[PDB]
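Single-letter residue listing:
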Amino acid sequence: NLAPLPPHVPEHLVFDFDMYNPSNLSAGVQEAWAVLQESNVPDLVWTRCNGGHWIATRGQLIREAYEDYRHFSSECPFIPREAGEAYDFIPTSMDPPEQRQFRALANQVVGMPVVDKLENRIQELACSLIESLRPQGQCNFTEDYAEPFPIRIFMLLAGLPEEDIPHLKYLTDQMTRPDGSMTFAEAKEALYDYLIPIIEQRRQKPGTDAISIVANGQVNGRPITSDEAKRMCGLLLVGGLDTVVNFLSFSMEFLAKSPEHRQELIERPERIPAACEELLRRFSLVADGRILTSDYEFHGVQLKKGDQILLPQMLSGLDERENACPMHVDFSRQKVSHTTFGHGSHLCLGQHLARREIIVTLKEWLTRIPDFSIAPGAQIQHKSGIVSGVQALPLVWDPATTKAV
Ligand code: HEM
Ligand SMILES: CC1(C)[C@@H]2CC[C@@]1(C)C(=O)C2
């Protein structure tokens, strides 16, 4: 389902990539997207899929477009257009200067200071989950570790019942990796039904949780509105439920397949943080966009007001012009260049929490479970979308090779 070419699009600029179902998915998700960077593909292409939209293919253009909020507005950040249209999350659906007062509040909630406070719980949960798994000699990493670990911390942070997980997780999934089961708006409404009561409750009778803070915060010297609060919280949820979760599976998938990588981290722990940047570069997983506020000529291509453009965060680090041998994982690269956490005014506030959960996982897993692999005859499937993922990740190990801590 290809939409008819708009008149202003030169036919030589056509490259029909489906962000929801790219061709090479079998090869791995990052490999499926990287087809965009082959020598046959222009720098800026038009895909007829998902209603028709631009895609910038190179780290340079992604960064520029990301910097330029004047032309590339955040108002309609998701493709397809109906989804970008229904999208009303704060601070993400706002541009500067308006975005600023909102970002400042979200920061209060997720920023450095919070990570520092929550450090010991993260470590405690990680060790507990791992130890519980260790003697089994087998899990479902995605369900057994990658889901609980990050989500239970977010639930803790947010002061929401662990009971809600399955329901929230479904809705969040709908937004980034749409099933056909529900439309963006529907999904958005459902999450909103969830949140509304809670905010009301935390407006009246505040706690110390992130929802209590967000609901009672000040923005531009006045108190936040319930609607505003609902709209930030919504984003906090999707951020919390849908990101680190998927990241961890790619990383673990790679570690299960690369013994030499595991050992390097065991022997030279000082490398973990370098390894973390390298894995964030290679297993980058986010692709959203922007909308043209006006007619604009960008690197010689005429964009029309209202055109949407995908600016795949994932792609910058995979760009050979930015990283030599991009598909190769090298913990000792002089310069790991990526935009995994975004670029421009919208740079990820949750980045600090994400790095903390990654590095803890790597250190604590390797400690107890040094030697593991993907289960014989398991075919790992990736998924594509606003946030990519791994369907399931069956691992096996000999318990006798494990170490209790
Ligand atoms: C591997 C993990 C993560 C990645 C790859 C990631 C990626 C991103 C990307 C690429 C953006 C920018 C979007 C744009 O410019 O439209 C974004 C923004 C944001 N992320 Fe993260 N994120 C991660 C984890 C999280 C966490 C754990 C949270 C907290 C719950 C979170 C909260 C946010 C927020 C609030 C923003 C928007 C800030 C603003 O618009 O000023 N993210 N993230
Ligand atoms: C692109 C993102 C990864 C970022 C945090 C959650 C997400 C889906 C958005 O709506 C902004």
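Details of the structure are given in the entry above.
Residues numbered from 1 in each chain as written, not as in the entry; some residues may be left out. Chains lettered and ligands numbered in written order. Heavy atoms only, no water.

Chemist: Could you give me a rundown of the overall build of the chain, with the residues and numbers involved?
Modeler: The helix and strand tally for the chain stands at 16 helices and 14 strands. Scaling as 2.2 N^0.38, a compact globule of 405 residues should have a C-alpha radius of gyration of about 22 Å, and the chain matches this with 21 Å. For the chain, the proportion of its 405 residues judged to be buried stands at 57%. The long-range fraction of contacts in the chain, counting pairs at least 24 apart against all pairs at least 6 apart in sequence, stands at 70%. Accessible surface, the chain: about 17,200 Å² in total, of which carbon and sulfur atoms supply 49%. Both charge centroids of the chain, one from 38 positive and one from 54 negative side chains, sit 4 Å from each other. (Helix = DSSP H or I, 4+ residues; strand = E, 2+ residues; numbered from the N terminus. Rg over C-alpha atoms; globule rule 2.2 N^0.38 Å. Buried < 20%, exposed > 50% of the residue type's maximum accessible area, 1.4 Å probe, protein only. Contact = heavy atoms within 4.5 Å. Areas by Shrake-Rupley, 256 points an atom, 1.4 Å probe, with all protein chains shown as cover. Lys, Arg positive; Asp, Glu negative; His and termini not counted. Charge placed at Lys NZ, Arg CZ, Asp CG, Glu CD.)

Chemist: Hey, could you go over the coordination of the iron atom of ligand 1 for me, with residue numbers and the actual values?
Modeler: The sole protein-derived ligand of the iron atom of ligand 1 is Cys348 (SG), positioned 2.4 Å away. With respect to the helices and strands, the residue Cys348 is situated in the loop between α15 (313–316) and α16 (351–368). (Donors = N, O, S within 2.8 Å, 3.2 Å for Na, K, Ca; no water.)

Chemist: Outline the environment of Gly350, supporting the account with residue identities and numerical values.
Modeler: Counting through the fold element by element, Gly350 comes out in the loop between α15 and α16. Along the backbone, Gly350 and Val115 are 235 residues apart, and their C-alpha atoms lie at a distance of 9.4 Å.

Chemist: So what's going on with the pairing of strand β7 (residues 288–292)? Which residues, and what values?
Modeler: Burial runs high along β7: five of the five residues are buried. Burial of β7 is two-sided: the residues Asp288, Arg290 and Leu292 facing one way and the residues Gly289 and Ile291 facing the other way are all buried. Bridge analysis of strand β3 (residues 72–73) against β7 gives two bridges, and the strand direction is antiparallel. The residue of β7 that forms the bridge with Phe72 is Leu292. Taken together, the four bridges between β7 and strand β10 (residues 308–311) define a ladder with antiparallel strand orientation. The residue of β10 that forms the bridge with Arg290 is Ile309. (Pairing = 2+ DSSP bridges.)

Chemist: Pulling in residues and values, what's your account of the site of ligand 1?
Modeler: Taken together, 24 residues sit near ligand 1, with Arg103, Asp288, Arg290, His346 and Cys348 positioned nearest. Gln99 is positioned with one of its side-chain polar atoms (N or O) 3.1 Å from an oxygen atom of ligand 1. A distance of 2.6 Å separates an oxygen atom of ligand 1 from a polar atom in the side chain of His346. Mapped onto the shell around ligand 1, the elements with two or more residues apiece are α4 (99–110), α11 (226–242) and β7. Class assignment for the residues of the shell around ligand 1 results in ten nonpolar, eleven polar and three charged. (Near = heavy atom within 4 Å. Polar contact = N/O pair within 3.5 Å; in protein donor to acceptor, adjacent residues only side chain to side chain. Nonpolar A, V, L, I, M, F, W, Y, C, P; charged D, E, K, R; others polar.)

Chemist: Which residues make up the nonpolar core, and what are the values?
Modeler: Of all hydrophobic cores here, the largest spans 132 residues; its most connected members are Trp33, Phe141, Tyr145, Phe149, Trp365, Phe372 and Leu395. When neighbours within four sequence positions are excluded, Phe141 is seen to be in contact with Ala146, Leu248, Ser249, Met252, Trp365, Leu393 and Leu395. (Core = buried A, V, L, I, M, F, W, Y, C linked by side-chain atoms within 4.5 Å.)

Chemist: Let's hear about unusual backbone geometry: which residues, and what values?
Modeler: Going from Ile79 to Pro80, the amide bond is cis rather than trans, its omega being 10°. Here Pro80 lies in the loop between β3 and α3 (81–86). Between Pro96 and the following residue, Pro97, the backbone shows a cis peptide bond with an omega angle of 10°. With a phi close to 60°, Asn220 is a non-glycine residue in the positive phi region. Within the element layout of this structure, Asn220 appears in the loop between β5 (218–219) and β6 (222–223). Positive phi, normally seen in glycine, also occurs at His299, with a value near 45°.

Chemist: So what about α16? Which residues, and what values?
Modeler: For α16, which comprises 18 residues, the first-to-last C-alpha distance of 26 Å matches the rise-based estimate of 26 Å (1.5 Å per residue) to within 8%. Counted residue by residue, α16 has 13 buried out of 18 residues, so it is predominantly covered. (Expected span 1.5 Å × (residues − 1).)

Chemist: Mind laying out the pattern of salt bridges, listing which residues take part and the relevant values?
Modeler: One pass over the structure, following the stated rule, counts 31 salt bridges. Here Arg321 ties to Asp43 by a salt bridge, and the two come within 3.0 Å at their closest N and O atoms. You can see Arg321 sitting in the loop between α15 and α16 and its partner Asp43 sitting in the loop between α1 (29–33) and β1 (44–47), a full 278 residues away along the chain. The class of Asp43 is partly exposed, set by a relative accessible area of 26%. Shared partners join several salt bridges into a network, and the residues in it are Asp43, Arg58, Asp319, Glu320 and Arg321. (Salt bridge = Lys/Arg side-chain N within 4 Å of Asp/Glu carboxyl O.)

Chemist: Provide a residue-level description of the site of ligand 2, including the pertinent values.
Modeler: Close contacts around ligand 2 come from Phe78, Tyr87, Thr176, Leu235, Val286, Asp288 and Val387, and that covers them all. In the environment of ligand 2, an oxygen atom lies 2.6 Å from a nitrogen or oxygen atom belonging to the side chain of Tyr87. For ligand 2, the protein covers 84% of the area, taking 300 Å² as the surface of the free molecule. Across the shell around ligand 2, the residue classes tally to five nonpolar, one polar and one charged.

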